[PDB]
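Here we start with a single chain on its own, the form deposited in one PDB entry, put down as structure tokens.
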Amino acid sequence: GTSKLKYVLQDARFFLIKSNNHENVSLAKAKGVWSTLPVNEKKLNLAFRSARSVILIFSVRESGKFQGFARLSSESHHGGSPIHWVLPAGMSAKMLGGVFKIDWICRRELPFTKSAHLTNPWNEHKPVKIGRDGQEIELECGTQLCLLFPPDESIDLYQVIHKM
């Protein structure tokens, strides 16, 4: 069903994540972590304290798809085991030093062709697929986008709900 999913998304904030490569999204799905550049890291940390749920919606550049979405379960932290991110050109490991823990809500993909009817008021009403890494997605557009994903029957949102 979708009722627990809607409860998790109630009054959530949504952020678009643009990964330059598939490897890092696969690592994130296996390990339940994400790292981003400092400008977005600060924004996510602020958002985490402000809303019952902060949702990251992942898209790998050039893939034409979203690869899933996840909920922040922590603010960023430094000093753990260095995550073996594949680093884009010009990006240093220190730039991804802050690690967020995430709980995946859906690990299925969604093609951009299926979200063409959704525009983001916080990015000039451009289709929600369009946006820089870290672009915030307005509540209604983000909720509807998440509800477009195929159900991920492997995930039990009961544990997620208890962290809210």
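In this text, residue numbers run from 1 along the sequence as written. Definition used throughout: the rigid core is the maximal C-alpha set that superposes within 1.5 Å between two forms.
S.K.: Do the C-alpha atoms of 95-103 or of 65-73 have the higher average B factor in the entry?
M.R.: On average, C-alpha B-factors are higher across 95-103.
S.K.: Out of 37-45 and 131-139, which one has CA B-factors that are higher on average in the deposited record?
M.R.: For C-alpha atoms only, the mean B-factor is higher in 37-45.
S.K.: How does the C-alpha B factor of residue 24 compare with the rest of the chain: lowest, middle or highest third?
M.R.: For residue 24, whose C-alpha B-factor we compare with every modelled residue in the chain, the answer is the lowest third.
S.K.: How does the C-alpha B factor of residue 50 compare with the rest of the chain: lowest, middle or highest third?
M.R.: Ranked within chain, residue 50 CA B lands in the highest tercile.
S.K.: Place residue 115 in the lowest, middle or highest third of its chain's C-alpha B-factors, as listed in the PDB entry.
M.R.: Residue 115: CA B-factor falls in the lowest third of its chain.
One more form of this protein, deposited in another entry, exists but is not displayed; see below.
S.K.: Of 139, 118, 130, 37, which one has a Cα that moves 2 Å or more between this form and the one not shown once the core is lined up?
M.R.: It is 37.
S.K.: Using the rigid core as the reference frame, would you say residue 96 shifts its C-alpha by 2 Å or more between this form and the one not shown?
M.R.: For residue 96, whose C-alpha is compared between this form and the one not shown after core superposition, the shift is 2 Å or more.
S.K.: Residue 79 and residue 31: do their C-alpha atoms lie closer or farther in the other entry than in the form you see, with a change of 3 Å or more?
M.R.: Closer: residue 79 and residue 31 approach by 3 Å or more in the other entry.
S.K.: Quick one: with a 3 Å or larger change, is the residue 79 to residue 71 CA distance smaller or larger in the other entry? Answer closer or farther.
M.R.: Closer together, which means the C-alphas of residue 79 and residue 71 are at least 3 Å nearer in the other entry.
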